[PDB]
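The chain below stands alone and is given as C-alpha cells, in the form deposited in one PDB entry.
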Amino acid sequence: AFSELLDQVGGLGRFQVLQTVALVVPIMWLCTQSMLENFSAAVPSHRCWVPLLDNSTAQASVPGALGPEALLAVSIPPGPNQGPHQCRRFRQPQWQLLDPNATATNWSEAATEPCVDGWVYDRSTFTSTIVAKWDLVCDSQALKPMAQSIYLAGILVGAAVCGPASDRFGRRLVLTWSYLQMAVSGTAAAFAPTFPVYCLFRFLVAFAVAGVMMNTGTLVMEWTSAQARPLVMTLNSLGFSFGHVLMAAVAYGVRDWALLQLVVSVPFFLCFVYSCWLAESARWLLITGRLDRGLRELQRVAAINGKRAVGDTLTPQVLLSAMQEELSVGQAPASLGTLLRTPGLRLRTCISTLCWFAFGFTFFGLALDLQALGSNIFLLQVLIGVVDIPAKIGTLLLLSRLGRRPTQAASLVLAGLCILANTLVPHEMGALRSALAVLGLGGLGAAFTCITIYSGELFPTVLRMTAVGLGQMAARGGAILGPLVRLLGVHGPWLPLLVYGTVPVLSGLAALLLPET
C-alpha cells in the first residue's frame, strides 16, 4: 500500500509542514468570501424620498427655518414597530401632525402613497451597500435572502461537478483552476452593473469555493500519515476560524462594498501564482496508472524531506509491488445503493446525515444574517472567531479524553439552547443577547469538528467515503435551505430564530441514539 511508500519517504517532515501552511493560508480568505454578505449586503434605515426635505428649493421657500425632526412628521406616516414608515409617504403635506395635537390613528393608510421617487438611505456607517444600490427594500426585501441562497446553491453545484473532475485531471490542477476562477469571478462581481450579473458572478465564486475546499481537503490527507489525520483537520478548521477575525479587520477599514469585494478576492491571484510550486498527490498518480510522474514526484518529496539516497533507491518495481493491494483489486467506490441496502447500517446512516444537515442548515441561517443576533456586527464578528479557537481545541481534548457520543450530543444541544435563550431575552439587555449568540456560534463550530471526526469511524472502511459524501451533501442542501427560512421573519423576527434554535436541539437529542466509537 502507499502507506509503506509514505513511511519510506516521510510523513511528518519539512515538506508536510510547508505544504500544510501553504494550503491552510487560503482558507481564511475563503471564509472571508462567504462571510462578506454581512457587510456588503447590510440593510440601513431607508426613509422615503420626500420633496419637502431633499429638494432645497421647497425647504427654503417656507419663511424661517423648520427643524428636520418636526418637518419629517408632516410628510412621513408613523410606521409600524416604533419608527417612521420605511415604505410610505404622505400624498400631501399635513400640518395637523405638526403643531397642536398628535394623530395616532388619523395618520391612516388611506392618505399614504408608495415610494414613487425612491428611498433615502443612511450613510453614517456604510458608504454603500448592495441593498442601497439596487433598492432591495420594501416589495423587493425578499431579494436579499434569495441572492444569498443562490450563492449557497453554487456550493452545492460545484462539489457535484468538481468531484468527478478532480478524479480525472488531478487535485492540484483543479485547485489551481479554482483559485483562478475565484479571483476572476470576485473581480467581475465587484464591477457588476446589474443585479442578475452580480448574482451570476456570486454563483461562480461559490463554485470556485467548493472546488478549492474539496481539493485542499483531499490534498492534505493524501500526503500525511493516517495517524495524524485527526490533527490535520483541526489545523484546517482553525484556519477558517481566523478568517472571522480577519473579516472584521477588513470590514472596519473599507466601507464600500465594491472595494471590500475587490480587496477580498485579489489575493487569490497570488494563490494561483504560487499554486504551480506545489505537489500533486502521488497516490492518485500511482493508482491512476502514471508511474513516471509519480516516481518523479516521490523523489522530489524525498529530496525536500532531506533523504536523497532513500529517495533515489525507489524504483518502479518497488512502487508497483507496494501498491498491488490497491491496484490489483480496484476498490471502486461503494455505490450509495449498496450502502443503503444493508438493514444493519440504515439506522446509523439516517441519524448521521441528520446531524450534518442540522449543522449546515443552522449555521448558514445564522452566520449570514448576523445583524439580528446583536447590536453591532464588528464586535460579534471578532468575538465569533476569538471564541471558536478555544472551543475547537477543547472539543478535540474532550474527544481524546471523553467519548465522542456525549460530546456530539452536548455541542448541538448547547448551541440550540443558546440560540433559543438568545431569542427570548428583551432587546434592551444587549450584552446577554450578544454573549448568547457568540456562544451558540461557538458551539456550532465545535459541532463541526466533532461530527467531521466522528462520522468517519461510524461505518466500515469500504463504505466510509460514501457515507461521508452523503453527509457533506446533506450539509450543503441544508445550507441552501437555511436562508430561505428568513422569509418567515415577516410574521416576526422571533420565528426564524425559533426554528434555527429548535432544529439543533432535536438533532443533538437524536445523536444520542447512534453508538459510541
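Numbering starts at 1 and follows the sequence shown. Basically, rigid core = biggest C-alpha set you can superpose within 1.5 Å across the two forms.
Keep in mind that the form deposited in another entry is missing from the display, and what follows is about it.
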| item | value |
| --- | --- |
| Rigid-core-referenced C-alpha movement of 2 Å or more between the shown form and the other one, selected from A104, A332, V116, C276 | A104 |
| Cα displacement of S225 between the shown form and the other one reaching 2 Å, rigid core superposed | yes |
| Cα distance between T112 and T103, which in the other form differs by 3 Å or more from this form, closer or farther | farther |
